[PDB]
Structure formats: structure tokens, C-alpha cells
Amino acid sequence: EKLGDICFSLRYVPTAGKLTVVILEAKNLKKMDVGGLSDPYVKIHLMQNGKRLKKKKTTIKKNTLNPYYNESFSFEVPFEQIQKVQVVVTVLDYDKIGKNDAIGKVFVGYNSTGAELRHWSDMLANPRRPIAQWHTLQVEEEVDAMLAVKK
Ligand code: NA
């Protein structure tokens, strides 16, 4: 089964050590609600080797598998640290308070691979320019495992 796709932009300003992630939209999200659709929001976790650092989240959209956000989030990551971090993006279905029901997950950073690594590398090769890219969502537990694999 397909979990969905997410589009976000990445921008790095090396002088200021400012990392900006804009959650743009998601599409083809898995239906999570019985009979219904999903109520998606997106968490953005800045991590280091799968260890928590800073956490942010989007607003919640109701009853949609194709949410449009255009919500920006910024993180302070000094130049010397930018190849040590992981930007972890999780789409969840809001259902009840305090309960996390993940639809799918992906991360970018130096220890990511494939199209995730490409997005990260394109960001670094284009300082100060926001680079937008689509990503296929994966199962949370599979992404969590990969966060622990260092290059
Ligand atoms: Na990957």
C-alpha cells in the first residue's frame, strides 16, 4: 500500500546557520479514518543520530488526503553541525489528544539515501535558495531504524 507523498522546501543560510523547512503539501495520503479520510498534520523533528533536538508541527487540516500547508519553520544549525543533523518529517492523522497515528515518514540529512540525500545535497550546493522536492513517505518504524545508520 502507498502511504503518500510529501513536498517540502529546504533552505540553508551558512553565514547565519539558519535552516528553513517549508512544508508545502502532501498528496495521495493513506486513509486512516474508518469510513472516512484522514486529518493530516506534519511534524518536523530536528535530530542528531536519531536523538531528539527540536520539534515543530503544522496546523491540522481536516478530512483530506491532499492537504495544502505552505507553512514555514526555521532551525538554528551552525555551519559546523549541518552534516551531523537529520530533518525528520512525519505525516500524522489527528484523531484524539496525545495519541500519535503516523501515516508515513521520511528524513533528509547527510546519512539519508537516494532522493532524500539528493534533496539535502542540493540544498547545500545552493546556499540561500529554497529547494523544493517531492518525497515518498515510508513506514515510521523503517525510517526510525535508518536514522541510526551513520555514514
Ligand atoms: Na531514502
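For the sequence shown, the authors' numbering assigns the number 271 to the initial residue and increments by one for each residue that follows. Every residue gets a Cβ at the ideal spot worked out from N, C-alpha and C, and that includes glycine.
Span of the alpha helix (DSSP H) around residue i
| i | result |
| --- | --- |
| residue 384 | 384-395 |
| residue 416 | 410-416 |
Span of the beta strand (DSSP E) around residue i
| i | result |
| --- | --- |
| residue 286 | From DSSP, residue 286 is part of no beta strand (DSSP E); its letter is neither H nor E. |
| residue 356 | 356-363 |
Selection from the options that minimises the alpha carbon distance to residue i
| i | options | result |
| --- | --- | --- |
| residue 444 | 417, 363, 310 and 294 | What is shown of the chain runs 271 to 421, which leaves residue 444 out entirely. |
| residue 354 | 332, 320 and 400 | 320 |
| residue 344 | 404, 415 and 288 | 288 |
Quick check on the contact list: which residues have their beta carbon closer than 6 angstroms to a heavy atom of the ligand NA? 382, 383, 384 and 386
Quick check: the stretch 405-420 against the stretch 364-374, are at least 3 beta-carbon pairs closer than 8 angstroms? yes
State whether the stretch 329-338 contacts the stretch 288-298, with contact taken as three or more CB pairs (one from each stretch) at a distance under 8 angstroms. Contact holds: three or more Cβ-Cβ distances are below 8 angstroms.
Three or more C-beta pairs below 8 angstroms linking the stretch 354-368 and the stretch 311-327: Cβ pair count under 8 angstroms is three or more, so yes.
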